[PDB]
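In: structure, please.
(2 chains, ligands or ions: 2)
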Amino acid sequence: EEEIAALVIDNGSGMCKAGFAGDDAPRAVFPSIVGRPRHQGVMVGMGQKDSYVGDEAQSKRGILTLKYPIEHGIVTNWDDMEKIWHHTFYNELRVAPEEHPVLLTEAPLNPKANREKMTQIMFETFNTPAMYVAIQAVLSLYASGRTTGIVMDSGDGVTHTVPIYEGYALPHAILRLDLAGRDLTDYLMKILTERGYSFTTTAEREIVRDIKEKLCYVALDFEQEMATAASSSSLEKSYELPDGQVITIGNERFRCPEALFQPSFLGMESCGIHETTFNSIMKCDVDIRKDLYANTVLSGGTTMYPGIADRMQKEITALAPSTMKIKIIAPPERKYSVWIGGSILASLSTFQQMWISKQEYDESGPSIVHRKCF
Amino acid sequence: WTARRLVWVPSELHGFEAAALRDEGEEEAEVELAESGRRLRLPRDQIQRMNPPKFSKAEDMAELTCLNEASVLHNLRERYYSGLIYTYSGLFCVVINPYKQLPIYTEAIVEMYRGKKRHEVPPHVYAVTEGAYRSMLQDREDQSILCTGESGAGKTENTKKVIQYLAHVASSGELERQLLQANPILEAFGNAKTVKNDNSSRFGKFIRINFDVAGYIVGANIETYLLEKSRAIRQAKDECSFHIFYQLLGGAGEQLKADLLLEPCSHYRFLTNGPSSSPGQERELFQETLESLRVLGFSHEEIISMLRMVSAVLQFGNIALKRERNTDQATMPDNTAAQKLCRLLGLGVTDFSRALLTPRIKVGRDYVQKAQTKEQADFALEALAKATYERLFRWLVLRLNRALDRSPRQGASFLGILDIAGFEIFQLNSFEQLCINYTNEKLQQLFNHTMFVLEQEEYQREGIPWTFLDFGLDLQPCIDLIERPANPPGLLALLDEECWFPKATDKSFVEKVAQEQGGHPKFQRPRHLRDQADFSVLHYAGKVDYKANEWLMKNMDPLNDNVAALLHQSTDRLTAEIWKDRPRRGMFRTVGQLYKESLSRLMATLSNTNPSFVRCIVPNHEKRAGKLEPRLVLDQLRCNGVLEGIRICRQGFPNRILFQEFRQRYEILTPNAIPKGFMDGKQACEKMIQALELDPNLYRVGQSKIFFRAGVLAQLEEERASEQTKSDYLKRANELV
Ligand SMILES: Nc1ncnc2c1ncn2[C@@H]1O[C@H](COP(=O)(O)OP(=O)(O)O)[C@@H](O)[C@H]1O
Ligand SMILES: [Mg+2]
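Out: Numbering: from 1, shown residues only, chains lettered A, B, ... in the order given. Ligands and ions are numbered 1, 2, ... in the order given. You can find the structure just below:
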């Protein structure tokens, strides 16, 4: 075949988004979880299967304890990650990685060890001709088809912010904020408890993740919505648990995402996301700011909440000079923006020379990741 | 011949063609092909040595100093083009059907064969069967003749010729001519149209010819061990079930169809892949078969009864069990089909309906019902189908043997002739394929053992003590892989365990066997990309790939004792007489288990006796002589174990030459070693072997012979052609000058 295709994998914590480069959507997207049988089984002709990976784990949740191998964009446990990748290639895609160059995503400002060790695995686990490790934000910017913008990247892992102008990139200006979907989830299960509902275990932690993925939304003004919580009508929603129990969540709903804008709720000093965006833009040269204000791109799973764009717009506009208009461009399909970006990058002809080649690695070692790529 | 080193090469028009090595280096040898004369490179391991012309067209392949598939293939090819069908390879007797009618099998030839050793005459069946007969009168112990599956080859037809020999030798009303008549019966019931062949025997046929101590025919009977009964229920993607089903469908007129209430092929669930025409016009064949039955002396009544149950097995398909909302048990809302069944048998519809759906079981001493799923009841239906068919087949064999008449019985001994389908390989290779392979495994093992005892006793006859491992053991780990129930459990055992355990999937099966038994060296998981087949094993023939789909379903054969009891109570004579029945009988009972048991019976029977071996090959699809397809012959050599036989004898000392022959023939080799003629012929060989510089591992000193390895005589022969070159030169020069 010509070009051999190429493989693309986005692993921020939470989800693996994988598929062939050269396609508009990934084939396989499943949770990055390694569940292990915590309870000793007593039958015969079970499994045994030491552990389960991917949406298999979601299916068989109750038995397993689930461990997310990636936290804050850092891989805690490598064998687990390897297992997840194994599952992606063999269980879903059904590819021999020897037959494809593979692109990995990775978060900014992230420890060297992850990049280096990541590459070490790809070469000395799944024998592969070539690979590349790329910054998440840039990829989403490509996916949006814009050359310039400040990409607000918040996955389940961590939140990141990379201003870009006319390609280029500003290292000093790049900002990385420790908040995530996962931290919102931890907050949310906390806030439920004041209602009586107690979710103590990893299994049901994912149930609240599911709740947040739909029920929660961001206030266009927090205090107003909280005021109107007095007369509860629309702000309460019934949710059905798999157990059959019913949950009813009022104001607690929208204050969950509020945390992004008020990390004091979580107890961290680190400024809210909008202020971090200012922190990034303000670090940039005076000249370019005009378009960064106007070209803010949101990406990642934890920007999905309804109404986030609007709130960011209102806050940024409030803070900034009203001399210039602040457009925020947040597409739907943002969740997959990183992966799409990866697809487009591996599809690019010129890119086909920038790969880290197996050969190059074998001569020069794992450390070469930083040398060559950003 | 020049010392170019003519060495057989792999190629893909001729399986192995002759080519001159000349240029060599590492694996790559640039080689001159005898025919084309073009020079190309291939790895050297691939390329197998050639025997000198002295060996060309050898009677016995064991005699060749170079033993490899290439040499084998050449020898056989040579013989076949020459018009010679028969060759001996080691212990095997290899026949290749010319498809012509050959002048052979006269009276002079058979008389000519009598009382002689196999080497004494040219290769022939008459020889090996003479070996059997002589070993029986001589040894007073029973004998067995193994023919390995080949078509459609006319293996039976050949075996008629064996019987013809047997008649002429044993004397003192023609032969059982109805043996010819038997073929279409058992063929019709037993055989099916498959990918390899349009007619192939699923069931094994064991033909017993009974002999008194005098050596005369008391009579004969047929025995049929293995059957694939699962073929009736379930089939390959592009194949047909047994012939009788189809020939019944098209063949029976309204006269018979109206009684049987047969329908076209589309009506039946149990018939896969539709009609799958196949005709052949059919119908005519059915007509022939009825006469074939009749001459045998079965009444029209009996025939109609038989054909009725053959409908009955098919009818088991028309019954539909419908799962009920909420409850497990399911049920049969439509009485029509099972009503038809009840007409076709003695069963009351109601009785049968309760029995099937909610059977009663004896929990001693007081009976209790059972709840059965839809799936469970479906398997029971399929079981009774399959068991019914099997029972029917058994009864036919017994009733047939009644149609065969014997003189004064019980006297004294027999000669068994086994016709069974050989080791099979398809692209897909389902479950039945595995069972077949398993049986061919054991048969092969018996052959190895036999050969082993032959060689061990041959050594003593020549006075050479040598100890060497049982050849049978080679197959044993593969066999344990498939069979062994216990410590590590076998593939069949593990399948059974999968089948019974609650929510069993095919995937859980393969995973389980990998986890349980993957450490086995003959077991190989392909892994990664496809590799369509999900696991593979390494037989004698080679590596075969298996697809696990729907194996659990094929394995299930739970049998309701209640419905069985009802059959035992049937009103009609035929079926009730059939069901005239220890193990795990009831539920449990798996096809793999039954098959294993049946094979165990057969292996015991064969094991009791002294076997002899014949291997049949078809040259081509053409049905015409003068065309030998090397690839096909290679394939056949794989599945009949002949390759294994050569790789066995190589481990020992295949080439055996007498002292006298060795000296007289090869004396030219070493004028120095060979003295003035002390004679006695031992000393000669002592000298020859001594100066020729041969490892003591590579020969032994026997009473009448010297035993040699493969390739030792190849070297010595090269020293005879080198020596002859030296002498040709010295002679020609001397005459010239
Ligand atoms: N439909 C949704 N609505 C709101 N929040 C969501 C939704 N889907 C996912 N999330 C949040 O975003 C997270 C997924 O982020 P993801 O894009 O997988 O990050 P990454 O690409 O870095 O792995 C989830 O864990 C969840 O907290
Ligand atoms: Mg992300």
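In: spatially central, which residue of chain A would that be?
Out: residue A:155 (2.5 Å; CA atoms, centre = their mean).
In: identify the residues contacting the residue nearest to that residue when sequence neighbours are not counted.
Out: Spatially, and ignoring its direct neighbours in sequence, residue A:155 is nearest to residue A:12 (3.4 Å; CB to CB, 6 or more residues apart in numbering or on different chains). C-beta coordinates here come from the backbone N, C-alpha and C atoms, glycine included. Residues counted as contacts of residue A:12 (CB atoms under 8 Å, 6 or more residues apart in numbering or on different chains) are A:70, A:73, A:105, A:107, A:136, A:155, A:156, A:157, A:158, A:300, A:301, A:338.
In: rewinding a little: phi first, then psi, for the residue nearest to the centre of chain A.
Out: Backbone torsions for residue A:155, taken as degrees, to the nearest 10, come to phi -100, psi -150.
In: hmm, it is touching residue A:301, no?
Out: Yes: the pair residue A:155 / residue A:301 is scored as a contact, 5.5 Å apart, by CB atoms under 8 Å.
In: overlap in contacts, these two.
Out: Common neighbours of residue A:155 and residue A:301 (criterion: CB under 8 Å, 6+ apart): A:12, A:14, A:181.
In: quick one: residue B:669 from ligand 1, how far?
Out: Distance of residue B:669 to ligand 1, given as CB to the nearest ligand atom, to the nearest Å: 81 Å.
In: neighbours around residue B:583, how many?
Out: Using other CB atoms under 10 Å in any protein chain shown, residue B:583 has 9 other residues around it.
In: go on, residue B:166?
Out: 22.
In: Three-state assignment for the closest residue to it other than its chain neighbours, please.
Out: Spatial nearest neighbour of residue B:166, chain neighbours left out: residue B:209 (6.4 Å); criterion: CB to CB, 6+ apart. Assigned by DSSP: H, G, I helix; E, B strand; the rest coil, the conformation of residue B:209 is strand.
In: was I right about residue B:209 contacting residue B:417?
Out: Yes: using CB under 8 Å, residue B:209 is in contact with residue B:417, at 7.3 Å.
In: if we can go back for a sec, who's the residue nearest to residue B:166 bridged to?
Out: For residue B:209, the beta-bridge partners under DSSP bridges are residue B:220, residue B:415.
In: please work out how many residues are found near it.
Out: The burial count for residue B:209: 24, using other CB under 10 Å.
In: how far away is it from residue B:159?
Out: When distance is defined by CB to CB, to the nearest Å, residue B:209 is 10 Å away from residue B:159.
In: thinking again about what came up before, my read is the residue nearest to residue A:155 is in a strand, agree?
Out: No: under the criterion used here (three-state DSSP), residue A:12 is coil, not part of a strand.
In: residues near the closest residue to residue B:296 other than its chain neighbours, how many?
Out: Spatial nearest neighbour of residue B:296, excluding adjacent residues (CB to CB, 6+ apart): residue B:403 at 4.6 Å. By other CB under 10 Å, 17 other residues sit near residue B:403.
In: check residue B:470 too.
Out: The number of residues packed near residue B:470 is 13, by other CB under 10 Å.
In: likewise the one 4 residues further on?
Out: Look at residue B:474: counted by other CB under 10 Å, it has 17 neighbours.
In: and stretch B:422-439, what's buried?
Out: Residues B:422-425, B:428-439 are the ones in stretch B:422-439 that count as buried (16 or more other CB atoms under 10 Å in any protein chain shown).
In: could you do stretch B:315-331 as well?
Out: For stretch B:315-331, the neighbour count (16+ other CB under 10 Å) marks B:315, B:316, B:317, B:318, B:319, B:321, B:329, B:330 as buried.
In: hmm, the second one is touching residue B:340, no?
Out: Looking back up the chat, that one is residue B:316. No: assessed by CB under 8 Å, residue B:316 is found out of contact with residue B:340, at 10.8 Å.
In: now do the SS call for the closest residue to residue B:465 other than its chain neighbours.
Out: Sequence neighbours aside, residue B:459 is the residue nearest to residue B:465 in space, at 6.9 Å (criterion: CB to CB, 6+ apart). Following three-state DSSP, residue B:459 is assigned to helix.
In: list, one by one, the residues from the stretch 251-374 of chain A near ligand 2.
Out: A:300, A:338 (CB under 5 Å from the ion).
In: apart from its neighbours in sequence, what residue is nearest the closest residue to chain B within the stretch 251-374 of chain A?
Out: Per CB to the nearest CB, residue A:358 is where the stretch 251-374 of chain A lies closest to chain B, at 18.2 Å. With CB to CB, 6+ apart as the criterion, residue A:358 has its nearest non-adjacent residue at 5.3 Å, and that residue is residue A:129.
In: with residue B:87 instead?
Out: residue B:94 (4.7 Å).
In: does that neighbour touch residue B:86 like I think?
Out: Yes: using CB under 8 Å, residue B:94 makes contact with residue B:86 at a distance of 7.1 Å.
In: where does the residue of the stretch 51-200 of chain B found nearest ligand 1 fall, phi/psi-wise?
Out: Here the stretch 51-200 of chain B gets closest to ligand 1 at one residue, residue B:195, 49.6 Å apart by CB to the nearest ligand atom. Main-chain dihedrals, residue B:195, degrees, to the nearest 10: phi -70, psi -40.
In: that one touches residue B:240, doesn't it?
Out: No: using CB under 8 Å, residue B:195 is not in contact with residue B:240, being 10.1 Å away.
In: quick one: which of those two has more around it?
Out: residue B:240 (22 against 14).
In: how many residues are close by the closest residue to that one other than its chain neighbours?
Out: Sequence neighbours aside, residue B:193 is the residue nearest to residue B:240 in space, at 3.9 Å (criterion: CB to CB, 6+ apart). Neighbour count of residue B:193, defined by other CB under 10 Å: 19.
In: can you measure across stretch B:486-495, start residue to end residue?
Out: Start-to-end span of stretch B:486-495 (CA to CA, to the nearest Å) is 13 Å.
In: fine, thanks again, bye for now.
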